[PDB]
Amino acid sequence: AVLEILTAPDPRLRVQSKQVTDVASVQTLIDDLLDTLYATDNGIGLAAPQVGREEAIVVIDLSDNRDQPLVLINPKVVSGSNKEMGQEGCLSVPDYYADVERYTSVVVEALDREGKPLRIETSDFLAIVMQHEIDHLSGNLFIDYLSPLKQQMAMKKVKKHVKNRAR
Amino acid sequence: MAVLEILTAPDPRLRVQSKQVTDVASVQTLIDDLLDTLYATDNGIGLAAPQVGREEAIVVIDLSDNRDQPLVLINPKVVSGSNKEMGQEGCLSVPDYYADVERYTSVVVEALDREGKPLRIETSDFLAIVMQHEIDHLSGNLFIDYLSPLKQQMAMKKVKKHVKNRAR
Ligand SMILES: [Cl-]
Ligand SMILES: [Cl-]
Ligand SMILES: [Zn+2]
Ligand SMILES: [Zn+2]
Ligand SMILES: [Zn+2]
Ligand SMILES: [Zn+2]
Ligand SMILES: [Zn+2]
Ligand SMILES: [Zn+2]
Ligand SMILES: [Zn+2]
């Protein structure tokens, strides 16, 4: 039974994540986050609040073959440049896509799953994904940046998806 | 162990008239691949052959929570129905768009099962709606076809966002 991904609204998506002090204690959760990620059709990033957990942990795999896990423990965006709009979705706001401003160049510091420091500097699509996933750990969803109308539309779409039966 | 790709609208393959099966033993592979494709979806409960680019008049359904209640309908036809009501539908080939569509809430369907034995299903349960939606695919019809041309255009827009998206 892989962990289920929560959908908005759910108060667990809005909790501030807590720093991990004991990396050895969160190995199960890391493996479970990866299993949940990989059980999705097209998921490329998953943050712990999306499965209802408060630990500051993100997992990402941007590879075509889905065999390139990136685990970020206690991630932070340390700097960034080159703001651009780009379309995002989120497994926790299913079926709704919209353009969001992000830094297209970023530096993130985190620990890897073994607890070793990691510094990732990137101007690729990874930059966008990390910012999106790290935002979850602050209790933020990408729709939060959108006009009120768009936010309303997003919530209505999620509800349709959640309530629908016939596919 | 890939499953078959579910095609998304617009695609001419979704608009073909399906062909009657006359040799049931010859489409057993397809039936199994249809079911595997369906079971690989997050929450699909019905898939019709045109949605994988196949011409055969075959639909597979599984309404169960456990996904161990496959219903295979070969050469299905709606024979009768009554008590039309609006109800929300979606479709694996029109992802991320949902709308209200009219269907009979009571229906009679005739088909063959995967062994080629006659099947007559008379139901007032949600299966009625699912059967009508899936049978519609074999006539080259999508649920959005009952909607205004403007809602159809919006549906296509939402499908395209889904198809093109990367960040999730
Ligand atoms: Cl929420
Ligand atoms: Cl089409
Ligand atoms: Zn994500
Ligand atoms: Zn997300
Ligand atoms: Zn979807
Ligand atoms: Zn949906
Ligand atoms: Zn279906
Ligand atoms: Zn359909
Ligand atoms: Zn989608």
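Residues numbered from 1 in each chain as written, not as in the entry; some residues may be left out. Chains lettered and ligands numbered in written order. Heavy atoms only, no water.

S.K.: Hey, could you run me through the overall build of chain B in this one?
M.R.: Across its full length, chain B holds three helices and five strands. Sequence-ordered secondary structure for chain B, helices as α and strands as β, is α-β-β-β-β-β-α-α. For chain B, whose C-alpha radius of gyration is 15 Å, the value lies close to the compact-globule estimate of 15 Å for 168 residues. Its C-alpha atoms give chain B principal-axis dimensions of about 45 × 45 × 30 Å. By residue count, 51% of the 168 residues in chain B fall in the buried class. Within chain B, residue pairs in contact and separated by at least 24 positions form 66% of the contacts whose partners lie at least 6 positions apart. When the accessible surface of chain B is split by element, carbon and sulfur atoms take 50% of a total near 8400 Å². Charge-centre separation for chain B: the mean point of 19 positive side chains lies 10 Å from the mean point of 25 negative side chains. (Helix = DSSP H or I, 4+ residues; strand = E, 2+ residues; numbered from the N terminus. Rg over C-alpha atoms; globule rule 2.2 N^0.38 Å. Buried < 20%, exposed > 50% of the residue type's maximum accessible area, 1.4 Å probe, protein only. Contact = heavy atoms within 4.5 Å. Areas by Shrake-Rupley, 256 points an atom, 1.4 Å probe, with all protein chains shown as cover. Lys, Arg positive; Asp, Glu negative; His and termini not counted. Charge placed at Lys NZ, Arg CZ, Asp CG, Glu CD.)

S.K.: Sorry, what's going on with the interface of chain A and chain B here?
M.R.: When the parts of a complex come together, some accessible area is lost, and that lost area is often taken as the interface size. The partner chain B presents 21 residues to the 24 residues of chain A that form the contact. Both sides together, the interface formed by chain A and chain B hides about 2200 Å², and carbon and sulfur atoms give 50% of it. Counting across the interface, chain A meets chain B through zero salt bridges. Here chain A and chain B share 16 residue pairs in polar contact between them. Within the residue set of the side of chain A that touches chain B, elements represented by two or more residues are β3 (70-88), α2 (125-137) and α3 (148-163) of chain A. Residue composition of the side of chain A that touches chain B, by class: seven nonpolar, eight polar and nine charged. (Buried area = accessible area lost by both parts, 1.4 Å probe. Salt bridge = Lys/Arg side-chain N within 4 Å of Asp/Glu carboxyl O. Polar contact = N/O pair within 3.5 Å; in protein donor to acceptor, adjacent residues only side chain to side chain. Nonpolar A, V, L, I, M, F, W, Y, C, P; charged D, E, K, R; others polar.)

S.K.: Which parts of the structure should I look at to understand the packing of aromatic side chains?
M.R.: Counting across every chain of the model gives one aromatic pair over all chains. Over the face of the ring belonging to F126 of chain B we find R165 of chain A, whose NZ or CZ atom lies 4.2 Å from the ring centre. (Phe/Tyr/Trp six-rings, centres within 6.5 Å; stacked < 30°, edge-to-face > 60°. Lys NZ or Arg CZ within 6 Å of the ring centre and 35° of its normal.)

S.K.: In this structure, what is going on with α3 of chain A? I would like to understand it.
M.R.: Residues three or four positions apart in an α-helix share a direction because the helix packs 3.6 residues into each turn. Over its 16 residues, α3 of chain A runs 23 Å from end to end, which matches the ideal 22 Å to within 8%, given 1.5 Å per residue. Taken together, the buried positions of α3 of chain A are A154, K157, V158 and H161 of chain A. Viewed end-on, α3 of chain A has its buried residues packed into an arc of 100 degrees, placing them on one side of the element. Across α3 of chain A from its buried face, at more than 90 degrees, point the exposed residues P148, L149, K159 and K163 of chain A. Those residues of α3 of chain A hidden inside the fold are in contact with α3 (149-164) of chain B. (Expected span 1.5 Å × (residues − 1). Arc of directions from axis to C-beta.)

S.K.: Hey, could you run me through the UniProt feature "binding site: Fe cation" in chain B in this one?
M.R.: All names here are of chain B. As recorded in UniProt, the feature "binding site: Fe cation" lies at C91, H133 and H137. A maximum C-alpha distance of 10.2 Å is found for the annotated residues, which run over 47 residues; spatially they form one tight group. Classification of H133 by relative accessible area gives buried; the value is 3%. At 2.7 Å, the side chain of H133 and the side chain of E89 are in polar contact. Residue placement: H137 occurs in helix α2 (residues 127-138). Given a relative accessible area of 1%, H137 falls into the buried group. (UniProt positions renumbered as here; feature names shortened; annotations may be inferred.)

S.K.: Could you clarify how one ought to interpret the coordination of the zinc ion (ligand 8) in this entry?
M.R.: By definition of the ideal shapes, a tetrahedral metal site with four donors has angles of 109.5 degrees and an octahedral site with six donors has angles of 90 or 180 degrees. Residues and elements named next belong to chain B. The coordination sphere of the zinc ion (ligand 8) contains the protein donors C91 (SG), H133 (NE2) and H137 (NE2), at a distance range of 2.0 to 2.3 Å. Each donor residue of the zinc ion (ligand 8) lies on one chain, and together they are spaced C-x41-H-x3-H. Taken as a pair, the zinc ion (ligand 8) and the zinc ion (ligand 7) show a spacing of 3.5 Å. Here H133 pairs with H137, and both are found in helix α2, just four residues apart, close to one helical turn. (Donors = N, O, S within 2.8 Å, 3.2 Å for Na, K, Ca; no water.)

S.K.: Where do I start with the pattern of salt bridges in this structure?
M.R.: If charged atoms from side chains of opposite charge come close, those side chains can pair. Under the counting rule described, the total for this entry stands at 16 salt bridges over all chains. Among the salt bridges present, the one from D144 of chain A reaches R14 of chain A, with a minimum N-O distance of 2.7 Å. Of this pair, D144 of chain A sits in the loop between α2 and α3 while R14 of chain A sits in the segment before α1 (27-39); the two residues are 130 residues apart in sequence, bridging distant segments of the chain. The exposure class assigned to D144 of chain A is partly exposed, which follows from its relative accessible area of 28%. Since its relative accessible area comes to 38%, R14 of chain A is described here as partly exposed. Residue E89 of chain B is joined to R103 of chain B by a salt bridge in which the shortest nitrogen-to-oxygen separation is 2.7 Å. A residue pair is termed long-range when its members are at least 10 positions apart, and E89 of chain B in strand β3 (residues 71-89) and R103 of chain B in strand β4 (residues 99-112) qualify at 14 residues.

S.K.: Teacher, can you tell me more about the sheet that holds strand β5 (residues 118-123) of chain B here?
M.R.: Sheets are built from strands paired through backbone hydrogen bonds, the pairs being either parallel or antiparallel. Residues and elements named next belong to chain B. The sheet built from five strands is open, its strands ordered β1-β2-β3-β4-β5 with antiparallel pairing. Single-partner strands in this sheet number two, and they are β1 (46-48) and β5. Sheet twist, expressed as the average angle between the axes of neighbouring strands with direction ignored, equals 35 degrees. Where strand β2 (residues 58-61) meets β3, four bridges bridge the pair, whose relative direction is antiparallel. Each bridged residue has a counterpart across the sheet, and for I61 the counterpart in β3 is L71. (Pairing = 2+ DSSP bridges. Axes fitted to C-alpha atoms, helices over the stretch in contact; angles between N-to-C directions.)

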